[PDB]
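First up is the structure itself, then whatever we jot down about it.
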2 protein chains.
Amino acid sequence: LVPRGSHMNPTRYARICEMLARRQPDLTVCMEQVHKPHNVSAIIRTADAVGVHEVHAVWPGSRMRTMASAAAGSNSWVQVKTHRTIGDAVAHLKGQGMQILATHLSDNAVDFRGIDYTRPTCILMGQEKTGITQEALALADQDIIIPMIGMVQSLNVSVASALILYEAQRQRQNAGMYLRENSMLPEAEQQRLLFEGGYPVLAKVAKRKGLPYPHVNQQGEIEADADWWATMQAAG
Amino acid sequence: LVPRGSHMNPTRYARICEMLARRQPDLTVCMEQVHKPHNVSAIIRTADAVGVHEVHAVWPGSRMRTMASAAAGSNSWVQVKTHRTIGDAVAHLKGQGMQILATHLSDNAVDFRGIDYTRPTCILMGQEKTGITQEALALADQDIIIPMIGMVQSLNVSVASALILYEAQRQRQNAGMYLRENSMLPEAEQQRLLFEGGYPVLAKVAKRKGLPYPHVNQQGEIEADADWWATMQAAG
Ligand SMILES: C[S@@+](CC[C@H](N)C(=O)[O-])C[C@H]1O[C@@H](n2cnc3c(N)ncnc32)[C@H](O)[C@@H]1O
Ligand SMILES: C[S@@+](CC[C@H](N)C(=O)[O-])C[C@H]1O[C@@H](n2cnc3c(N)ncnc32)[C@H](O)[C@@H]1O
């Protein structure tokens with residue numbers, strides 16, 4: 001039911017299921033070639049902290065994708081969807097009814113707090129030290145800036161990401177959008193995450209053996225057939 | 001009047017003087033043994049961005065003070081006041097009529113957005129990975145937390161500093177507190193900063209030669225007596 005050594009219990013189940021109930025699948029960040037592992041990690045961490053289920057990345061090149069890989073996998077509870085180009089990502093995100101906000105200084109750029117983050121929203125962050133591409137700018141609905149009232153006129157991309165995600169968290173919390181009886185996530189995503197998060201080592205074993213993820217009940221116990229248990233316990 | 005090569009002109013003067021008019025000397029952050037240069041730098045940068053004139057640090061040990069020194073000097077427009085102990089810093093800041101907010105999880109801790117940042121305020125940030133000291137906690141007026149709605153329950157100290165400083169910037173901007181005809185800074189601080197910021201290389205030369213800083217006029221020109229100019233130009 002609950003394998004020895006594993007942390008799962010009725011309480012950790014509750015904590016996980018409450019965390020999924022708070023998940024905001026219509027809110028995301030998209031990293032346009034943001035590739036330094038410390039930035040990718042810090043951005044994912046804030047994404048989790050404001051209830052983002054999935055973040056997006058444009059890592060065109062193989063070295064960029066590989067350097068970023070461990071950081072991309074640093075959080076069991078945030079998946080990273082990779083796109084070849086900003087055209088593909090924005091198409092995909094517009095496809096999900098999301099407004100596309102480009103973190104970018106221009107004459108048309110608006111204070112990031114003037115935005116309604118309670119609607120489906122993608123926050124677009126650009127690279128060190130070059131900013132979002134002209135192509136991305138052409139696809140975005142609106143430029144947003146974080147006002148800087150001193151002499152410096154640039155922030156690190158992790159700090160800028162955190163500030164915009166937490167303005168979304170503020171407005172969503174003020175609108176009560178983290179208080180939910182059920183997750184906005186489909187039941188299948190919730191079971192995937194309960195297992196892949198709750199039993200991260202067993203989820204890898206299941207994948208390698210090409211087995212389905214089993215059901216997890218409110219005790220946090222694994223419910224599966226003798227055949228699943230036997231295959232999962234076989235070498236290796 | 002304006003030495004050759006220097007950036008100062010009537011426009012850079014305006015930008016500097018408008019920046020001093022926006023300065024919020026009753027708002028600060030105090031770093032309790034926050035010593036990693038990347039964190040000290042990133043915290044100072046956000047401090048500048050929300051109008052902080054002076055930040056505070058508790059760096060008890062000589063190696064901590066030295067490792068942090070370049071980061072402490074990374075921004076011409078933010079001074080760092082060092083204190084031997086948290087007792088000395090909090091005494092000094094309570095002395096300036098500031099409420100002391102400890103970034104710290106407890107049963108008594110309040111959402112950081114519930115705070116009135118429009119009043120004199122010190123944000124107290126604690127070290128990696130240990131948090132604010134029990135002694136600091138005993139001196140603080142109130143614990144604040146940044147709510148984290150996912151599984152992770154910790155942010156990097158630079159990201160947490162940025163989020164609380166920008167909640168102060170939000171509330172201060174909403175109250176119009178960055179729109180001022182004159183600086184809240186004394187005239188003497190404004191001239192110090194105009195010269196030390198506007199002419200950072202000459203301010204060091206003035207100090208080494210033990211000369212006073214001269215007057216800077218609205219053209220951004222240096223106004224000083226033949227004697228100052230002669231001493232400043234002498235070897236070396
Ligand atoms: C030029 S990169 C900074 C370098 C990078 N963080 C590093 O570690 O080297 C800054 C990016 O963060 C965001 N950003 C930075 N400063 C900003 C500001 N003042 N307003 C809005 N967005 C900002 C933008 O997406 C921009 O592309
Ligand atoms: C434990 S240190 C993190 C390690 C350090 N940033 C590093 O580079 O290794 C976290 C500090 O940031 C602040 N902080 C972090 N997470 C926070 C949260 N969820 N709520 C409030 N403050 C937080 C507190 O001052 C705390 O002492």
Side-chain angles (χ1 to χ4, degrees), chain A residues 1-29 37 40-41 43-57 59 65-66 68-83 92-93 95-96 120 172 177-236, chain B residues 147-154:
Chain A
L1 281 177
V2 41
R4 183 171 251 184
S6 302
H7 39 63
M8 290 296 305
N9 58 49
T11 299
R12 178 149 178 91
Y13 176 89
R15 156 128 108 117
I16 290 168
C17 280
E18 286 176 348
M19 181 282 293
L20 296 164
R22 292 192 302 263
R23 215 104 278 214
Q24 306 287 308
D26 64 314
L27 174 71
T28 199
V29 179
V40 173
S41 282
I43 293 166
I44 288 314
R45 190 169 194 99
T46 311
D48 171 45
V50 308
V52 171
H53 170 62
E54 177 182 52
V55 302
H56 305 256
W59 295 325
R65 248 174 7 260
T66 296
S69 50
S74 59
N75 190 313
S76 280
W77 313 93
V78 186
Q79 50 181 350
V80 178
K81 166 84 151 191
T82 68
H83 310 267
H92 182 259
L93 296 165
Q96 292 177 183
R172 287 195 178 219
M177 287 179 68
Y178 295 106
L179 192 64
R180 296 202 201 300
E181 295 200 289
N182 325 291
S183 188
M184 223 176 131
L185 285 180
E187 210 284 317
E189 266 305 71
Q190 296 180 55
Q191 279 296 138
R192 164 183 80 78
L193 270 164
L194 254 170
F195 189 67
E196 205 169 74
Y199 293 106
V201 174
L202 303 189
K204 285 144 195 297
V205 171
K207 262 188 296 181
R208 289 309 119 252
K209 293 184 153 134
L211 285 174
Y213 293 173
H215 187 260
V216 188
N217 75 19
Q218 306 185 25
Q219 316 320 317
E221 294 162 353
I222 298 169
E223 280 180 21
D225 67 32
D227 208 82
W228 183 96
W229 281 95
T231 322
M232 283 292 292
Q233 286 170 284
Chain B
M148 295 179 79
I149 251 25
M151 294 302 54
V152 158
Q153 293 294 305
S154 173

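Excluded from the calculations below are hydrogen atoms, water molecules and symmetry mates; all remaining heavy atoms, backbone and side chain alike, are included. In what follows, every chain begins at residue 1, and chains take the letters A, B, ... in the order their sequences are listed.
Crowding of A:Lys204 atom NZ: a count of heavy atoms from other residues, nucleotides or ligands under 6.0 Å not exceeding 12. Within a 6.0 Å sphere centred on CG of A:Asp225, heavy atoms belonging to other residues, nucleotides or ligands number more than 12.
Side-chain atoms of A:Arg12 do not come within 3.5 Å of backbone N or O of A:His7 as any donor-acceptor pair. A:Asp48 contributes a side-chain N or O that, together with a main-chain N or O of B:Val152, makes up a donor-acceptor pair within less than 3.5 Å. Side chain of A:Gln24 to backbone of A:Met177: a donor-acceptor contact under 3.5 angstrom is found. A side-chain donor-acceptor contact under 3.5 Å links B:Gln153 to the backbone of B:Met148. A distance-only check finds a donor-acceptor pair linking the side chain of A:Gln190 to the backbone of A:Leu185 [under 3.5 Å]. Within the 3.5 Å criterion, the main-chain N or O of B:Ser154 finds a donor-acceptor partner in the side chain of A:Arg45. Looking only at distances, a side-chain donor or acceptor of A:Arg65 sits under 3.5 Å from a matching main-chain atom of A:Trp59. The backbone N or O of A:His92 lies less than 3.5 Å from no partner atom in the side chain of A:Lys81, so there is not a single donor-acceptor pair.
Aromatic ring orientation, A:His83 versus A:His56: parallel (interplanar angle below 30°, classes split at 30° and 60°).
At a threshold of 4.5 Å between non-hydrogen side-chain atoms, the residues A:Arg23 and A:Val78 count as touching. The shortest side-chain heavy-atom distance between A:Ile16 and A:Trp77 falls under the 4.5 Å cut-off. Within the 4.5 Å cutoff, the side chain of A:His53 has heavy atoms near those of the A:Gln79 side chain. Within the 4.5 Å cutoff, no side-chain heavy atoms of A:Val40 are placed close to those of A:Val80.
When all heavy atoms of A:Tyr199 and A:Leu1 are compared, the closest pair comes out as OH-O, 4.1 Å. Taking all atoms of both residues into account, the shortest heavy-atom contact from A:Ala71 to A:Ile44 is O-CG1, 4.5 Å. Considering all non-hydrogen atoms of both residues, A:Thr28 and A:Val55 come closest at OG1-CA, 3.5 Å. Closest of all the heavy-atom pairs between A:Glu223 and A:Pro214 is O-CB, 3.7 Å. The minimum heavy-atom distance linking A:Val50 with A:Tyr178 is given by the pair O-OH, 2.7 Å.
For A:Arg192, the salt bridge (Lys or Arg N to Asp or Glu O under 4.0 Å) test picks out A:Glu189, A:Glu196, with sequence neighbours left out.
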